[PDB]
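Here is the structure we will look at.
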Amino acid sequence: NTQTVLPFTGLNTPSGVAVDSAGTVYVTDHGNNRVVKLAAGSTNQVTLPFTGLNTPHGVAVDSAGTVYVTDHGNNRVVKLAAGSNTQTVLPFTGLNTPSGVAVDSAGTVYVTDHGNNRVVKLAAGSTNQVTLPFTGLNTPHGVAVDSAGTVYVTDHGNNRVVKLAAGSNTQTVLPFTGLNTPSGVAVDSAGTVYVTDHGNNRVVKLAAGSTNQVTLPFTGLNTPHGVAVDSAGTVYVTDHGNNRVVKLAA
């Protein structure tokens with residue numbers, strides 16, 4: 001497998017990445033306070049009509065094409081419906097430097113509240129978030145949620161990835177090894193967990209139930225941040241230090 005560089009333009013310290021069922025790739029262009037997307041096979045990205053973003057971080061996309069962005073510098077999460085003119089601010093409360101965002105098939109939105117060492121979630125239509133019962137998080141970054149509702153969090157400050165099954169009150173630490181300031185996390189339909197090992201300029205993955213991660217053969221990454229995986233198993237990474245997004249087919 002040989003990586004390719006997606007034809008985004010003018011990115012500056014890009015952060016979050018997401019990919020939808022149609023292969024459209026969404027990128028939080030953090031350094032330009034904007035979110036851009038690229039249709040499968042296109043060479044022309046388009047800017048989503050969010051407004052007033054300030055150092056945004058994570059991005060997620062639901063099955064309806066609604067786009068959710070962690071507006072990190074403003075301590076809020078904003079969303080934009082597919083083909084919508086105006087964003088709305090989700091009614092999270094007390095966020096501090098929030099980072100990762102994820103959304104499940106039921107429309108529940110999950111946010112890594114990095115500055116408060118916690119992960120919170122909001123049911124669709126609710127105005128009261130709830131805190132997930134993780135413990136001992138330290139500057140957590142990425143969040144992902146699988147089809148079974150299991151929540152995966154990059155516990156960045158502790159160089160580990162932790163997970164919490166839906167309805168469970170006891171997290172487990174996944175058996176990754178040698179991580180350094182890990183950032184993005186993603187999970188595919190087979191339960192494989194992908195982690196951007198930012199401090200080691202690499203992306204690693206762990207099959208469900210395995211204790212041996214494998215390094216994906218990306219090349220030349222520089223402080224990478226986000227990771228996403230599509231239905232075909234293609235892996236997309238924000239190569240943040242190089243102002244580009246790279247992809248690797250399975």
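Within each chain, counting starts at residue 1; across the structure tokens, chains are named A, B, ... in the order shown, with ligands numbered 1 upward in that order.
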Exercise. Do a neighbour search on residue 51 in chain A at 9 Å with only C-alpha atoms, toss out local chain neighbours closer than 6 positions, and write the hits as a PyMOL selection string.
Key: chain A and resi 33-34+86-87
For the residues selected in the previous step, produce a file with C-alpha atoms as a PDB file, in the first residue's frame.
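The result, stored in part.pdb:
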```pdb
ATOM      1  CA  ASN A  33     -10.907  29.013  11.494  1.00  0.00           C
ATOM      2  CA  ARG A  34     -12.868  27.037   8.902  1.00  0.00           C
ATOM      3  CA  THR A  86     -26.935  28.737   9.402  1.00  0.00           C
ATOM      4  CA  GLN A  87     -25.221  26.790  12.149  1.00  0.00           C
TER       5      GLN A  87
END
```
Practice problem: May I have the residues within 9 Å of range 90-94 of chain A as a list in words, using only C-alpha atoms and disregarding those fewer than 2 positions away in the same chain? | Solution: residues 75, 76, 77, 78, 79, 88, 96, 113, 116, 120, 121, 122, 126, 127, 128 and 129 of chain A
Residues of range 12-179 of chain A in helix (DSSP H, G or I) according to DSSP, as a compact mmCIF listing (two decimals) with N, CA and C atoms, in the first residue's frame?
```txt
# COMPACT_ATOMS: atom_id res chain seq x y z
N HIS A 30 -7.95 24.23 11.18
CA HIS A 30 -7.87 24.93 12.46
C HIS A 30 -7.22 26.30 12.31
N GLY A 31 -6.10 26.37 11.61
CA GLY A 31 -5.37 27.62 11.49
C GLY A 31 -6.07 28.69 10.69
N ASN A 32 -7.10 28.33 9.93
CA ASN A 32 -7.88 29.27 9.15
C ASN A 32 -9.30 29.41 9.68
N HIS A 72 -13.29 24.91 19.50
CA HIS A 72 -12.47 24.77 20.70
C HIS A 72 -12.19 26.10 21.38
N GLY A 73 -11.81 27.12 20.60
CA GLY A 73 -11.46 28.39 21.20
C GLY A 73 -12.63 29.13 21.82
N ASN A 74 -13.85 28.73 21.49
CA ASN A 74 -15.06 29.33 22.03
C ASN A 74 -15.80 28.40 23.00
N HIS A 114 -11.57 18.37 26.94
CA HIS A 114 -10.14 18.22 27.24
C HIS A 114 -9.73 18.98 28.50
N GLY A 115 -10.14 20.25 28.62
CA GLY A 115 -9.72 21.09 29.72
C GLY A 115 -10.29 20.68 31.06
N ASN A 116 -11.31 19.84 31.05
CA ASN A 116 -11.91 19.32 32.27
C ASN A 116 -11.66 17.83 32.46
N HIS A 156 -4.65 11.36 26.00
CA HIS A 156 -3.42 11.89 25.43
C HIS A 156 -2.34 12.13 26.48
N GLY A 157 -2.70 12.77 27.59
CA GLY A 157 -1.72 13.08 28.62
C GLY A 157 -1.13 11.86 29.29
N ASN A 158 -1.81 10.72 29.19
CA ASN A 158 -1.35 9.48 29.78
C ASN A 158 -0.85 8.47 28.75
```
Quiz prompt | Using only C-alpha atoms: which of A:192, A:42, A:108, A:97 has the shortest distance to residue 54 in chain A | solution = A:97
Self-check item: Closest of A:144, A:103, A:46, A:193 to residue 211 in chain A - atom-to-atom distances counting only C-alpha atoms
Solution: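 Using only C-alpha atoms, residue 211 in chain A sits closest to A:193.
Closest approach to residue 2 in chain A from the set A:224, A:229, A:219, A:45 is made by A:219, with distances taken over only C-alpha atoms.
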Exercise. Pull the strand (DSSP E or B) assignments for range 49-242 of chain A out of DSSP run on the backbone, and list those residues as a ChimeraX atom specification.
Key: /A:59-61,67-71,76-80,88-89,101-103,109-113,118-122,130-131,143-145,151-155,160-164,172-173,185-187,193-197,202-206,214-215,227-229,235-239
Quiz item: Skipping near chain neighbours, those fewer than 6 positions away, what residues fall within 8 Å of residue 245 in chain A using only C-alpha atoms, listed as a list in words?
Solution: residues 5, 6, 8, 236, 237, 238 and 239 of chain A
Quiz item: Neighbours of residue 159 in chain A within 8 Å (only C-alpha atoms; same-chain residues fewer than 6 positions away dropped), as a PyMOL selection string?
Solution: chain A and resi 178-182
Practice problem: Tell me, in Å to one decimal, how far CA of residue 23 in chain A is from CA of residue 234 in chain A. | Solution: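 According to the coordinates, CA of residue 23 in chain A and CA of residue 234 in chain A are separated by 9.7 Å.
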Self-check item: All residues 8 Å or closer to residue 172 in chain A, only C-alpha atoms, same chain fewer than 5 positions away omitted, as a PyMOL selection string
Solution: chain A and resi 162-164
Selection export as a short mmCIF file (atom, residue, chain, number, x, y, z; two decimals), in the first residue's frame, atoms kept: N, CA, C and O atoms:
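Once everything was written out, this is out.cif:
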```cif
data_model
loop_
_atom_site.label_atom_id
_atom_site.label_comp_id
_atom_site.auth_asym_id
_atom_site.auth_seq_id
_atom_site.Cartn_x
_atom_site.Cartn_y
_atom_site.Cartn_z
N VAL A 162 -8.43 4.54 26.07
CA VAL A 162 -9.35 3.87 26.97
C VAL A 162 -10.71 3.73 26.29
O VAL A 162 -11.06 4.49 25.38
N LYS A 163 -11.47 2.72 26.71
CA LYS A 163 -12.78 2.49 26.13
C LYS A 163 -13.79 2.15 27.21
O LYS A 163 -13.46 1.67 28.29
N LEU A 164 -15.05 2.43 26.89
CA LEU A 164 -16.17 2.24 27.80
C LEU A 164 -17.33 1.70 26.98
O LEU A 164 -17.82 2.37 26.08
#
```
Self-check item: From A:174, A:130, A:25, A:60, residue lying nearest residue 210 in chain A [only C-alpha atoms]
Solution: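 Closest to residue 210 in chain A of all the choices is A:174.
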List as an mmCIF file with C-alpha atoms, in the first residue's frame the protein and nucleic acid residues near residue 214 in chain A, meaning an atom at most 7 Å away when only C-alpha atoms are counted, but skip any in the same chain fewer than 5 places from it.
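Below you can see result36.cif, which holds the result:
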```cif
data_model
loop_
_atom_site.group_PDB
_atom_site.id
_atom_site.type_symbol
_atom_site.label_atom_id
_atom_site.label_comp_id
_atom_site.auth_asym_id
_atom_site.auth_seq_id
_atom_site.Cartn_x
_atom_site.Cartn_y
_atom_site.Cartn_z
ATOM 1 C CA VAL A 204 -1.247 2.500 14.503
ATOM 2 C CA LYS A 205 -4.188 0.117 14.617
ATOM 3 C CA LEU A 206 -5.345 -2.724 16.831
#
```
Quiz prompt | Interatomic distance (Å, one decimal) between CA of residue 39 in chain A and CA of residue 10 in chain A | solution = 16.7 Å
